[PDB]
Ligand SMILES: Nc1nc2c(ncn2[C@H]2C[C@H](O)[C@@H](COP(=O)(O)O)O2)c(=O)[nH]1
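Below, in structure tokens: the form solved without 2'-deoxyguanosine-5'-monophosphate (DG), a single chain.
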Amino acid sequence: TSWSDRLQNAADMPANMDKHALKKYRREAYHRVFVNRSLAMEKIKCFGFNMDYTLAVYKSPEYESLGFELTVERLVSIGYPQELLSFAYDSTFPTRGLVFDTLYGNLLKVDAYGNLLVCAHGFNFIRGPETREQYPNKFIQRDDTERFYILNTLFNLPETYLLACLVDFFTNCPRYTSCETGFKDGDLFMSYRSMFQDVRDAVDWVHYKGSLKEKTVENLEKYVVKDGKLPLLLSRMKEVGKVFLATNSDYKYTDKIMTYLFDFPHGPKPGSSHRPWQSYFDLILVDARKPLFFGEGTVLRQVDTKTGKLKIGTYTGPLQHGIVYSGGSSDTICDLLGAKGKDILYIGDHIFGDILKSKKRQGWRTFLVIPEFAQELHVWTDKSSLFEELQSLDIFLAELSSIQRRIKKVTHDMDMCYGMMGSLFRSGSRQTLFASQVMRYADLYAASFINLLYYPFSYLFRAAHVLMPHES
């Protein structure tokens, strides 16, 4: 049971729009919208979306394995050894949000302060004392972006695992000599940094020049979650405000995916005429180039929706029915829809490029979709006893040696229930950088934005006020 199994299970259920059924449904944690800062939904005048892993949730582990397989094949194609073909994607290893240290070739799980929570070299999980040789302060400088790469997105899950496979493979292959910063192969030296760049380039290649999109579109049922409640919720949003799409993907791929997402023998509700996906949007913008989109952006272009090609020149005209934009900036959207930032609820899955940047650069309201959250929630509630014991040990240790070794043991057993790299949100009692960024920049979050269907449009999402220590 993967996280996308939970989501597709909830997607196969028709929407019971009885007012009592909704209030009861959103009592379960899997259907709730969780709130970091209070948000009065009645003030939202525009609902904005990205597409990938938000409207189009790619099924797991099939999609990650496809991306992994095509990336491995690209690396072999450019000269990596044939043994890469023996790799097989393993969804229990990677957790999202890890940091690859290109100097020493380690995957790191860190908190918001750069403190080390987990350190794996290949598949070898390095314990505290051994990490101090490379990390004397158990700490990394997050601003050293040349050295450290944060694997933010679900698209990064294949390469997260692949980086560890590669370090593991070169380390244990007798043709290579392991050095502090890479591998020696006779008169060739492969640094972890250049290896990382090859992987990163191959993932980009797979997405932009390879066959990933083609293989996705030829088997959409295998790769993309489909939910009849999606047209219903969007149609309700359009009744109370405006709806826009702003995706980094190109129009041809967006058209294929969105057509599939809306391919039901009916419109918003069973019994209604089917409507094209574009009719659900007041504004459609592709090739957004987020997060640059939230600053100067790029030149605003017009898509020829017949050919899927850009028309030649900068588009200077108005928002017209049927027009599709390419590029532009977030100001394009606000001007064309007559919106201010706080009028907008932007619904995305990229913690940095969608949520952090729209919040900090423009003061948009934010809803973070966390696709793995359906599975994380299941583990969290099933193992809440382990966490509670952890909280008790920390309290008992505060009043006071065998307690500290028991804290590490419970922490490990809890973390392993999530996978080898632990929970997206914490390791034991220590929060991750990702958890901290969610809390700070996502006003609302959930496994799926479809959970908004279970709340009335006048709903006041409420968070407790934050107080300083001296104020409480």
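Note that residue numbering follows the sequence shown and begins at 1.
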item	value
Residue 401 preceded by how many uncoordinated deposited residues after residue 400	10 or more
Entry-level comparison of average CA B-factors, 280-288 and 370-378, reporting the higher stretch	370-378
Higher-scoring stretch by recorded Cα B factor average, 22-30 or 54-62	22-30
Candidate residues 164, 76, 108, 220, the one whose C-alpha B factor the record puts highest	220
Of the residues 174, 328, 97, 210, the one carrying the largest Cα B-factor as recorded	174
Chain-wide C-alpha B factor ranking for residue 256, given as lowest, middle or highest third	middle
Chain third (lowest, middle, highest) by recorded CA B-factor, residue given as residue 169	middle
Modelled-residue ranking by C-alpha temperature factor, third containing residue 443	lowest
Cα B factor band for residue 430 (lowest, middle or highest third within the chain)	middle
Position of residue 313 among the chain's modelled residues by C-alpha B-factor, lowest, middle or highest third	highest
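Form deposited with 2'-deoxyguanosine-5'-monophosphate (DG) bound: not shown, discussed below.
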property: Partner-facing stretch of 235-243, 308-316, 80-88, 205-213, counted where any non-hydrogen atom is within 4.5 angstroms of 2'-deoxyguanosine-5'-monophosphate (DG) in the deposited bound form; result: 205-213
property: Proximity of residue 432 to 2'-deoxyguanosine-5'-monophosphate (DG) in the deposited bound form, heavy atoms at 4.5 Å; result: no
property: Interface membership of residue 255, 2'-deoxyguanosine-5'-monophosphate (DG) in the deposited bound form, 4.5 Å heavy atom rule; result: no
property: 4.5 Å heavy atom contact, residue 96 to 2'-deoxyguanosine-5'-monophosphate (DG) in the deposited bound form; result: no
property: Residue 101: touches 2'-deoxyguanosine-5'-monophosphate (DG) in the deposited bound form, heavy atom cutoff 4.5 angstroms; result: no
property: Of 294, 135, 155, 192, the one that lies within 4.5 Å of 2'-deoxyguanosine-5'-monophosphate (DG) in the deposited bound form (heavy atoms); result: 155
property: Listed residue (160, 302, 332, 247) with a non-hydrogen atom within 4.5 angstroms of 2'-deoxyguanosine-5'-monophosphate (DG) in the deposited bound form; result: 247
property: Members of 49-80 lying within 4.5 angstroms of 2'-deoxyguanosine-5'-monophosphate (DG), judged by heavy atom, in the deposited bound form; result: 50, 51, 52
